[PDB]
Each structure stands twice: as structure tokens, then as C-alpha cells.
Amino acid sequence: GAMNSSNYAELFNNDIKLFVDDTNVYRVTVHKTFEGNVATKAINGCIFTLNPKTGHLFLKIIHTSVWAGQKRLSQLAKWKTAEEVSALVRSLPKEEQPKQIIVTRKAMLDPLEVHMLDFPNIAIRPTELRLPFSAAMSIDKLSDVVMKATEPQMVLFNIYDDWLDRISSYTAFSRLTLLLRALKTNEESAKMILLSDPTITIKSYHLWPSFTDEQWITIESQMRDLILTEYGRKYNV
Amino acid sequence: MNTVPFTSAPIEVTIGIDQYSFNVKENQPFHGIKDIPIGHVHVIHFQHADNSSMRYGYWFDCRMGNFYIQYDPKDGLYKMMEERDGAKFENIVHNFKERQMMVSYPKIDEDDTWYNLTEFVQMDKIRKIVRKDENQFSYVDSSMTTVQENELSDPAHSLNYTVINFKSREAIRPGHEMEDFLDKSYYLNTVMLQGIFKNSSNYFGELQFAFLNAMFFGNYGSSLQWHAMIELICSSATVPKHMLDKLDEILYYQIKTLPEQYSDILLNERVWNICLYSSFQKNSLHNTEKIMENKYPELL
Ligand SMILES: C1CC1c1nn[nH]n1
């Protein structure tokens, strides 16, 4: 059924599963019109489809042309997400297809269930975890590929870089969610923390800097402090 | 007019005949029901005084045979039987009438209620939902499950209503997922009306039969079917305008007839609020909306 902290280890067992986050699929700017009305302008978006065990990220770029002449875009966006995830599953060899798809927002359940009727043995589940996957567009290399797209495109990433050589999936997922929560809460400070020391760089084939085991402990502590600092600012604590 | 004699009434029982009901005392000299209007199906139903468990009853049409009721003390219920000796049936009916041991079907002349609830219900369609081919009449009770209820358990004793499932490959054309899930017109018009039911009259017949089994027996799967068949129409953007007109009349008389004290168990708040206030047809059911708002405003 629903996925939470009691069955949290289930994310890192050997049953293939994907998280699907649709929060960056339909993205707009809001502006006044010459007549003093308000208008939206869409910008490119993306579906964030992630295997939490392996780190493999299937980033489907949603180009603004898909909205052209369409109505009820927020509703359409969920169904387009479900269509694209369905198409991704069909494109994968049988032994790579997921056994479970976990959606970060419950509004994705019926669209995905209806698109996956041909796959009655793939479970479609919500989660009670608050996952910061909306902050994916704060990762500069992801944001750049999305904004430069001139057409629909699928791009594959490993969102854990090379971490699984040294840490478990459980730890890697915790590190990722802490990094994304920090980027979501205070993007500037998070990026400052990640790049402060010029001698630690991001490899061309990576998304995050090349921290040693010790430097990652220092970084993770600074991220927790940021999140706590922002919580105190928010609530006057 | 036609008659259903009763050999005896050995146990105290509330007897229903269509929307009417009366109490018979243990071993009271009751020998049946006369003046039953020809031209409609009918239902004769039972609830035992000493064990309100199992409401049960029989759908029948006096045009299809001569039927009588006799208590079976082994199986512990009133059973319908067909009398194949016409001459015997006439003598049994006449004697019981002459001794005034029958209640009269208490139809008011102004009163179209039963026609309005059974306009589209035919015995031959009942006999395909309730499969017992050796009888011309059909037994239904409170606990019988539907075919769909059993997929989610003795198939011989099941209600074979047409399965309606909005998240099924039957309801959703590949490539039209959003369209068909948000607008059920494909499923209503092509799959159900053109494909399975063949016409709106058969669809309404099953809808009316489901309502009557929910009301008279408290049959839960029948209530599920009734609401699903309403929701399927209401959730379709494209419906024959005459088809919604008849839907409003059908529902009006069902809501009018429902016992006020059973509304909490016979009416699904979600479906009715969606059909009356949110659906494509929210403005197409004026008579039903008015009676629902004046009789059961709590539900909404
Ligand atoms: C005697 C069998 C009883 C009967 N038959 N037909 N009506 N009453």
C-alpha cells in the first residue's frame, strides 16, 4: 500500500522499484499583461524517475511544445507523466522492469494506474515520506540539460555519482535526500557549502563534488546545520 | 388479475408484495395474495419474525405460470412452487377466495408507483441475472453475492449483474487513457449500450432490478451495482438527451419510494454528491436533485 518509515528498508531490497516525482513537469512564470491581466508562460520541465537502490535517474525532459494548444495543463501534466512512465517501463527489458512504482504525490495514483493496466503485477503506491525531489532542478547539470532542450529528450544520470563504491544504498539515499532538502530550504547556502573549498571539484562525469569520506561527514553536518538554521529562522526559534 | 395462494403460514413472518407489506402471525389462517396486477413483474418477499436474518423472496410474473407458496420445515423457509395442474390451481384459488383467507394487493387507482419502479424490468432478463433455469421465478436474498464481488463464493447462487469497473481494460482504450477515464462516454455507449445491453431499456431494467434488490433484501452487491450504473451515465459527457430524461424519472421514483430510515445504508454519499453536483450531467437530473435536496439534504 502506502510507503513510510516502518517499511523504509524495503527501498533498498532487491525488488526493482522507481520513485516518480511530477512536481517539475509543468513549470510556469506568472506575469502581468499589457492590459493588466495576468498570464503564464511555460518553461521546460522534467519527470524525475529514480531507482533508489542503484541511483539510476531517468530524467524525461518535458519541452514546452507539449503544452501548445492544450487545456487544463495541470491535469494534463499528470497524465503526460503517467504516459511517459508507462512508455519507459515498456522500453525496458522485462528483467529490468520495476515491481513497484512509488509516486511522491497521491494525485499521480489514478493516472499511473490507468496507464499501467497492462501491467497488473506492478504495484502503484503512494508514500508518506516527504521527499525533496522538487529540488532536482537546483542541481546545475540537471537544470542545464532541461533548459537547453529544444525537443523532448530522455537523459540518464546516476544521481549517486560513484558513492556506492564506498557506501550502501541506504546511506546514499539518505545523503541525497539531505542534500536535496538543503537545496530546497536555502539553495544559495547549500551551493556555497558544496563549492566553498575550490580544491574539491565536480568531475565532468559527476553531479556532486569529489569529497572524501571525511569531507562528506563535514559536508553532511553543514547541511544539517543549514536546515536547522532555516527552521529557526522560519519559526523564530 | 392473478393470485398466489399459500398452503399455510406456520411461522410468524412479515410478507412483502412489491412495495406493500403485512405481518402474519404464527399459524394464522393466511392463504395468500389476490388481485395482483397483470402486466408487471412482481416480488413476494419474506422476513421471519423470530429471525430477521435472511430477508429472501421471489421475482415472478403471473403471465408465465401459476405459482403458490408453501413453507418447508426442513429448509426453514417459504418456497415458491409452480402448479402444473391448472384445474387444481383454479379450485384452490376459488376456495381460498370464497373463505376470504387472502389479502388483496392494495393498489390505489391513482398510483403508478410500481410501474414507475419496474418500467424496464422483464422476467427474462431477471432469469439471466439469477440463474436457476428449472424455475420460471427467481429467488434472491440478503446475502447473495454478485459475480464482481466474487472476483474480489458458490457461483450457482450468485447475482450475475453486468460487471462495471472504471479502472479496467474494458473501460479504457489504449491510447485514450485520460480521455476515457475522465469521460466515460466510450464505456457507456460503445462497450455497454451497443455491445452488452444492446439498448437503453435493458440497461435501465438491470439498474431498476438492482435498486429493488437493495431495497427489499438489503442486498449490498445490488446497491453497489445500482450506484455504479448511475455513476457510469452521470460521468459520461455524451448521453442521447432522451436517455438522461428517463434516468431522472427512474431515480426520482426510487428516491421517493426509499424508506426514510434506510437512507443511511442505501445511499452512497460520494456517488450522489458527485452525480448531482460535480458530473457532466449535474444539471440534467432536475427532478431527482429536487427530491434528494428536500428529502435527504443531510447526505449533501
Ligand atoms: C396444493 C399444492 C398446493 C397448491 N397448488 N397450487 N396452489 N396451491
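Couple of notes before you dig in:
- Annotation note: chymotrypsin sites (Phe, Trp or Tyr not before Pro) in segment A:135-207 located in DSSP loop regions with a Cβ neighbour count of at most 16 within 10 Å are A:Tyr205.
- Computed from point charges on the beta carbon alone (+1 for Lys and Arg, -1 for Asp and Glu), the dipole magnitude for segment A:164-237 about its Cα centre is near 260 Debye.
- Backbone N under 14 Å from the A:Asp140 label point (7 Å along Cα→Cβ), restricted to segment A:201-237: A:201-210
- For B:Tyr20, nonlocal amide neighbours, meaning residues 5 or more places apart or on other chains whose placed amide H falls under 5 Å from its own, do not occur.
- For segment B:213-230, putting each phi into the Karplus relation 6.51 cos²θ - 1.76 cosθ + 1.60 with θ = phi - 60° gives couplings of 5, 5, 6, 7, 10, x, 7, 6, x, 5, 4, 3, 5, 4, 5, 4, 5, 5 Hz, in residue order, rounded to whole numbers and with x for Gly and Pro.
- Listed as lacking a disulfide-compatible partner in chain B: B:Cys62, by the criterion of no other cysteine Cβ under 4.7 Å.
- Pairs exceeding 22 Å between alpha-carbon atoms, taken from A:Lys94/A:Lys203; A:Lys80/B:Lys167; B:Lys97/B:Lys125: A:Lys94/A:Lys203; B:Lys97/B:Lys125.
- Look at the alpha carbon pairs under 8 Å that are at least 6 residues apart: their mean separation over the length of segment A:9-163 gives a relative contact order of 29 percent.
- Sorting A:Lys71, A:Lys148 from the fewest to the most surrounding beta carbons within 10 angstrom yields A:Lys71, A:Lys148.
- Ordering of B:153-159, A:50-56 by packing [mean C-beta count within 10 Å, highest first]: A:50-56, B:153-159
- Between the amide H of B:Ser142 and those of B:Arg55, distances stay under 5 Å, these residues lying 5 or more places away or on another chain, with hydrogens modeled in the peptide plane.
- The phi torsions of segment B:248-257, fed into the Karplus equation with coefficients 6.51, -1.76 and 1.60 and a -60° offset, translate into couplings of 5, 5, 4, 5, 3, 6, 5, 5, 4, 7 Hz, rounded to whole numbers, with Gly and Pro shown as x.
- Selected from A:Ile202, A:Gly232, B:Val13, residue furthest toward positive end of dipole (the protein assembly as shown; charges at beta carbon): A:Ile202
- In sequence order, calculated HN-Hα J values of segment A:178-187 (Karplus, 6.51, -1.76, 1.60; Hz; x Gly/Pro): 5, 4, 6, 4, 5, 5, 6, 7, 8, 4
- Shown here for segment A:8-100: GluC sites (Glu not before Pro) in loop regions (DSSP other than H, G, I, E, B) with at most 12 other Cβ atoms within 10 Å, namely A:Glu35.
- Label sites at B:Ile38 and A:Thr40, each approximated as a point 7 angstrom past Cα along Cα to Cβ, lie 6.7 nm apart.
- Taking amide H as placed 1.01 Å from N in the peptide plane, B:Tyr71 has its amide H under 5 Å from the amide H of B:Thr7, B:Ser8, B:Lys79, each at least 5 places away in sequence or on another chain.
- Relative to the Cα centre, the charge distribution of segment A:64-188, modelled as +1 at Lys and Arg Cβ and -1 at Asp and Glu Cβ, gives a dipole magnitude of about 460 debye.
Backbone-built Cβ (ideal geometry, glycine too); neighbour counts: all protein chains shown. Values quoted throughout were computed directly from the atomic coordinates according to the rules given, and no laboratory measurement underlies them.
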